[PDB]
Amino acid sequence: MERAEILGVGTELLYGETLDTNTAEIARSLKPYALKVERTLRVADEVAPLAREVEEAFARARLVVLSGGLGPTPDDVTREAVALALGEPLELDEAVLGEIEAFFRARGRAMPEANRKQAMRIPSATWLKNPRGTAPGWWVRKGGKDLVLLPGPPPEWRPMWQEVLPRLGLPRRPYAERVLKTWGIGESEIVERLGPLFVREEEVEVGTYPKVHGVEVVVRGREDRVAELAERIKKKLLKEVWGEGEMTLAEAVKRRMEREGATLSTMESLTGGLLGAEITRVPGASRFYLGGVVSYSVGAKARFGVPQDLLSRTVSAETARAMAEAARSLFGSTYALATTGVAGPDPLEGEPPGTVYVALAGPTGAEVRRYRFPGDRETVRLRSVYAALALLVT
């Protein structure tokens, strides 16, 4: 079985100033392919060391993938290094140069000269287009082998990689992942409900992963086994599974709103906007989402419809219902969501961090759910948002 080598370029990665997720993500994406990954490197932004790593990786591998160091600064050296490692000169490509000048002209700026080095390639490199920045990628095919250069930021390289991967002509293996997402049920109760279906072999395995949007049950391994097995697991978890694969809670809400021809608004205290943020993450949200109020002070809550009588008692079911009713009547939406309670670090009104009420107000009346969430400030905020969305999809 042939080897893939994966190097993430960046001095900041050595020290975790940025945590290297790229090498693991790229390794995860290679699972459907018969290549072995024996190691992954993080390498400093330095030519001679980087060139040596590349020279070695290339000699042993069917595929070498790199990330990072495709920028314009003296710390961007991946191209020089790869050129050194493969013993080819850098040549300026005038057409890509022009694409870079146009990118800057479009912003009413002059292209700084430094950028020229991004238009630079070796004779065996093909370009990988990067519409999301100035740093295009490389794809070198040489002696049966592939070497791909990718930009550091994920928002840049993910699409680039998606595009080039199938074309590499790597040998396939019938590997699958199925991710089933649940809400309102802990890991143990899941393992219990599954019983024997909770298998863990060389062929197929099943895991629980706790996440802020509920516990995921991940089935992986051989395609056919993942298929039969996940089918039975969804079966036995029919009540708690809200979605699969790339389905999110915000997207299940969008599909319910468009089915019903219904609208939504929000009123938020502890979440500070995050619940609006999360509804609007999904493209097409303006088809149903009218807007929201972040009522972060006592003046804001009164102004936008929460009774006076309730302003000194914000950690309460009564408050979360009043906020959801306030937003629904202000905006005129079919449905309205509200989040109130204690994020952390400090307790509030004699209640501890993680004490949260989420409310849904709709045509037939309001509902409130009390939660007691584990985690720090930002984790409690996150789980609150998902619990608010869950009032609509579970």
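When you see a residue number, it is the position in the sequence shown, counting from 1.
Visitor: Of the two stretches 199-207 and 300-308, which shows the higher Cα B-factor on average in the entry?
Guide: If you average the C-alpha B-factors of 199-207 and of 300-308, the larger mean comes out for 199-207.
Visitor: Can you tell me which stretch has the higher mean Cα B-factor, 269-277 or 249-257?
Guide: Averaged over C-alpha atoms, the B-factors run higher in 249-257.
Visitor: If I read the C-alpha B-factors straight from the PDB entry, which of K239, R321, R158, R105 is highest?
Guide: Largest recorded C-alpha B-factor: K239.
Visitor: Highest Cα B-factor in the deposition, which of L84, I100, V315, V212?
Guide: Comparing C-alpha B-factors across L84, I100, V315, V212, the top value belongs to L84.
Visitor: Hey, what third does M1 fall into on Cα B-factor, ranked over its chain?
Guide: For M1, the deposited C-alpha B-factor lands in the highest third.
Visitor: Would you mind checking where the Cα B-factor of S295 ranks among the modelled residues of its chain, as the lowest, middle or highest third?
Guide: As the PDB entry reports it, the C-alpha B-factor of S295 lands in the lowest third of its chain.
Visitor: With respect to C-alpha B-factor, does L264 fall in the lowest, middle or highest third of the chain as deposited?
Guide: According to the entry, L264 has a C-alpha B-factor in the chain's lowest third.
Visitor: Lowest, middle or highest third: which one holds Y175 when the chain's residues are ordered by CA B-factor from the entry?
Guide: Ranked within chain, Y175 CA B lands in the highest tercile.
Visitor: Please place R62 in the lowest, middle or highest third of its chain according to the CA B-factor in the PDB entry.
Guide: Its C-alpha B-factor, which the entry lists for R62, ranks in the middle third among residues of this chain.
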